[PDB]
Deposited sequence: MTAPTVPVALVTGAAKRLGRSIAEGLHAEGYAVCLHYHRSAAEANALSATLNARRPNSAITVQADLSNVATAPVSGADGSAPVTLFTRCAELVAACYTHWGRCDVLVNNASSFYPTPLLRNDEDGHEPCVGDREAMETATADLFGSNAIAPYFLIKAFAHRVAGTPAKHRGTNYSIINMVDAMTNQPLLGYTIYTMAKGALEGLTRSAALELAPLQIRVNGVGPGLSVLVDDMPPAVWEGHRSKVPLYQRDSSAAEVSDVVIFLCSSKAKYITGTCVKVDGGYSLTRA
């Protein structure tokens, strides 16, 4: 029974990914930060379909120390991987999906929305993924060859549109650039242990409708294929395929799931 750890698994794409892996027979460690209710509701459904196929772990992946001596981001990340080994004795798949997304304009007490944004955006999107990968790799390396899984796979959720940045989202964009970098570096270094590291880059998926309907139809109509944002499955299915043994030769690459959005120009 293979195990998958999905960060930010409570809802939207993270939920669809977790559900997708679960349908392939995976036991799933659903990580969450604030969405406790939703995470627990998802665990219940999965555990109902298949007894002992889901657990829930809470963690702030922001680059800050947590409350008692203080706990570092690294420790918190190691604990996430450990929870998989403690409960099921293994961890075969890692999906770095958790991600903060809000503006940090280069143009205009207060240093709160200053230092906290950097650590939140950079930690969730890049530093935490880094530590999680190290921890994941360490556990594989420590396992005697005779007891290793046969299909280790790490998926990093990136962004198909960062080459054409969203105005005002500099740190987020910077953070995603770092994640792409991690994908290539990790793929190369972990190749001898047969651990594949790839990336999935959504364009517009399950677009949040907290705006005037027309403005919302304005965004989705810019996508050349279907003139709409994608469903969560349209993205999660790709993540699932990259984790399958049929994709065992793919590593170090980023797959755009954007319906041709990146091919547009103003």
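What the model leaves out of the deposited chain are the segments 1-5, 74-80, 121-130.
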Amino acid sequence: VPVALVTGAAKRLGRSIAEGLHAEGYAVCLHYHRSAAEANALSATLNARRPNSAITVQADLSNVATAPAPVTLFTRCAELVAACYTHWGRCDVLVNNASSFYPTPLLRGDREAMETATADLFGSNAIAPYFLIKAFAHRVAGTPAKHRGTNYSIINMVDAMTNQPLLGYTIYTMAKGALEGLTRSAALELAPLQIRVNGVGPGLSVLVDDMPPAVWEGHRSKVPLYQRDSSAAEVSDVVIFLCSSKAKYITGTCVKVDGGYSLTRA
From here on, numbers count along this sequence of modelled residues.
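Where the other entries of this protein model the residues before and after it, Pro165 is kept in all of them rather than dropped from a third.
Compared with other PDB entries of the same protein, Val215 is missing from at least a third of those that resolve the residues around it. The PDB entry reports B-factors from which the mean C-alpha value can be compared for 254-262 and 21-29; the larger average falls on 21-29. The PDB entry reports B-factors from which the mean C-alpha value can be compared for 199-207 and 33-41; the larger average falls on 33-41. Residue-level inspection of the entry shows that, of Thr173, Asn96, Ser153, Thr118, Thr118 has the top Cα B-factor. Of the residues listed, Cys84, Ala128, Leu188, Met157, the entry assigns the biggest Cα temperature factor to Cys84.
Sort the modelled residues of the chain by CA B factor and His147 lands in the highest third. In the deposited entry, the Cα temperature factor of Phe74 sits in the top third of values across the chain's modelled residues. Sorting the modelled residues of the chain by their CA temperature factor places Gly177 in the lowest third. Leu106 sits in the highest third of its chain by CA B factor, as recorded in the PDB entry. In the PDB entry, a CA B factor belonging to the highest third of its chain's modelled residues is recorded for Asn63.
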